[PDB]
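Descriptive structure summary
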Amino acid sequence: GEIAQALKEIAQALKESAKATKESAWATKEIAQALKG
Amino acid sequence: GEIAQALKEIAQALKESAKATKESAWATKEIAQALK
Amino acid sequence: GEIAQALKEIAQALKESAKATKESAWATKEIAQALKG
Amino acid sequence: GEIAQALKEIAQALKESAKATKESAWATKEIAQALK
Amino acid sequence: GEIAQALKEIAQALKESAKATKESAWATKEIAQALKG
Amino acid sequence: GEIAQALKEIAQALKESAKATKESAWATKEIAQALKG
């Protein structure tokens, strides 16, 4: 109940964080490419 | 209980971290766009 | 217990990480603003 | 169970995040190298 | 035992990650300061 | 078994993430140093 619910909230937050980390990684690659020329 | 309470604190910290990671990603996209 | 104690340490590390991620996000926004002009 | 299932989802999200963090680290190293 | 042990390893990895995130945040602030000036 | 196994996978992913975060922090420090002069 309480434990399962907290774990579901943790899972959801980590999914959102993973998506944002992916988007950030792509942008960082674009920065590297722009600075290389 | 003690386990449930710790897990709620973990959930809250991860929610805050997810929000900050999103804001960082948006700003990094803006940097990429400015440099392109 | 041992499980509760480990979870408290996890909570504390995640709180510290969240604070640092927020500070980093703010600085990244400032970089974006400086590069936009 | 419900607990096991949530933990499997947590594991999967963290695997994806670890991969992205690695890719980001490599790109950040390339930025450092470009700037000198 | 197995659960407690895994949780201790998780705690340790998160402590290391938090320290590195803090150091990164400081460096990002320095980047922002350099680009503002 | 299932809970312990998921926790071991979580531990392993977090170890990998910590290593990458450390490498990223070092590179960010190098960027700060390059931009400072």
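Along each chain, residues carry numbers from 1 upward in sequence order, and these need not match the entry's numbering; residues missing coordinates do not appear. All chains are assigned letters beginning with A, and all ligands numbers beginning with 1, in the order in which they are written. As a rule here, side-chain values come from all non-hydrogen atoms in the structure, and water together with hydrogens is ignored.

This entry, as listed in the PDB, derives from X-ray crystallography and reports a resolution of 1.8600 Å.

Right, let's get into the overall build of chain B. Counting from the N terminus, the helices are DSSP H or I runs at least four residues long and the strands are E runs at least two residues long. Across its full length, chain B holds one helix and zero strands. Dimensions of chain B, computed from the C-alpha atoms along their principal axes, are close to 50 × 10 × 5 Å. Under the scheme applied here, a residue whose accessible area is under 20% of the maximum for its type counts as buried, over 50% as exposed, and between as partly exposed, the area being computed with a 1.4 Å probe on protein chains only. Buried positions account for 47% of the 36 residues belonging to chain B. We get accessible surface area from the Shrake-Rupley algorithm with a probe of 1.4 Å; when it comes to residues, only the shown protein chains can shield them. If you sum the accessible surface of chain B, you get close to 1,900 Å²; carbon and sulfur atoms cover 51% of it. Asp and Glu count as negative and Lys and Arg as positive, but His and the ends of the chain are not part of the count. Charge coordinates come from a single atom per side chain, which is NZ of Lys, CZ of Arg, CG of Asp or CD of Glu. Charged side chains of chain B number 6 positive and 5 negative; the gap between the two group centres comes to 11 Å.

To continue, consider the arrangement of the chains. Taking C-alpha atoms only, the smallest gap left between chain D and chain E, which are not in contact, amounts to 11 Å. Chain F makes no contact with chain C, the minimum C-alpha separation between the two being 11 Å. Throughout, a residue-residue contact means that at least one pair of heavy atoms, one from each residue, lies within 4.5 Å.

Only the stretch in contact is used when a helix axis is fitted, and all axes are lines through C-alpha atoms; the angle between N-to-C directions ranges over 0 to 180 degrees. At their nearest, the axes of helix α1 (residues 2-35) of chain D and helix α1 (residues 2-36) of chain F sit 8 Å apart, and the two run at 20° to each other. Taken together, the axis directions place α1 of chain D and α1 of chain F in an arrangement best described as roughly parallel. The chirality of how α1 of chain D crosses α1 of chain F is left-handed. Three classes are used: nonpolar for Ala, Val, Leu, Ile, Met, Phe, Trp, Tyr, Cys and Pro, charged for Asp, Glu, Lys and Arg, and polar for all others, with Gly counted as polar. Among the residues making up the contact of α1 of chain D with α1 of chain F, the classes are represented as 22 nonpolar, six polar and nine charged. These descriptions rest on fixed angle ranges, namely under 35 degrees for roughly parallel, over 145 for roughly antiparallel, 65 to 115 for roughly perpendicular, and the rest for oblique. In this scheme, a crossing is called left-handed if the near helix is turned counterclockwise away from the far one by less than a right angle; it is called right-handed if the turn is clockwise.

Right, let's get into the packing of helix α1 (residues 2-36) of chain C against helix α1 (residues 2-36) of chain E. The geometry of α1 of chain C relative to α1 of chain E is characterised by a closest axis approach of 8 Å and an angle of 20° between their N-to-C directions. Classified by the angle between their axes, α1 of chain C and α1 of chain E sit roughly parallel to one another. Seen from above, α1 of chain C lies across α1 of chain E with left-handed handedness. Partitioning the contact of α1 of chain C with α1 of chain E into residue classes produces 22 nonpolar, six polar and ten charged.

Right, let's talk about the interface of chain F and chain E for a bit. Contacts between chain F and chain E engage 18 residues on the former and 21 residues on the latter. Buried area counts how much accessible surface, traced with a 1.4 Å probe, disappears from two parts once they are put together, with both parts' losses summed. Of the roughly 1,700 Å² buried at the junction of chain F and chain E (both faces included), carbon and sulfur atoms supply 74%. Any carboxyl oxygen of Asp or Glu within 4 Å of a side-chain nitrogen of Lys or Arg constitutes a salt bridge here. For the interface between chain F and chain E, the tally reads five salt bridges. Classifying every residue of the side of chain F that touches chain E gives eleven nonpolar, two polar and five charged.

Here we take up a nonpolar patch on the surface. In this scheme, patches are assembled from residues that exceed 30% relative accessible area and form no salt bridge. Like charges are connected within 9 Å, while nonpolar side chains (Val, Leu, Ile, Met, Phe, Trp, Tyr) are connected within 5 Å. On the surface, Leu35 of chain A, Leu35 of chain B, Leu35 of chain C, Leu35 of chain D, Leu35 of chain E together with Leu35 of chain F cluster together into a nonpolar patch covering about 390 Å² of accessible area. Tracing the chain through its elements places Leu35 of chain C in helix α1.

Now for the relation of the copies chain F and chain E. For the match of chain F to chain E, the screw axis carries a shift of 0.1 Å, the RMSD comes to 0.1 Å, and the turn is 61°. These values place the two chain copies in the arrangement generated by a six-fold rotation axis. Every copy is matched to the others by a least-squares superposition of C-alpha atoms.

On to the interface of chain B and chain A, then. Each partner contributes residues to the interface: chain B has 19 residues there, and chain A has 20 residues. A buried area of about 1,600 Å², summed over both sides, lies between chain B and chain A, and 75% of it is on carbon and sulfur atoms. For the interface between chain B and chain A, the tally reads three salt bridges. Polar contact is defined as a pair of N or O atoms within 3.5 Å, subject to the rule that within protein one atom must be able to donate a hydrogen and the other to accept it, and that residues adjacent in sequence are counted only when both atoms are side-chain atoms. Our count for the contact surface shared by chain B and chain A stands at two residue pairs in polar contact.

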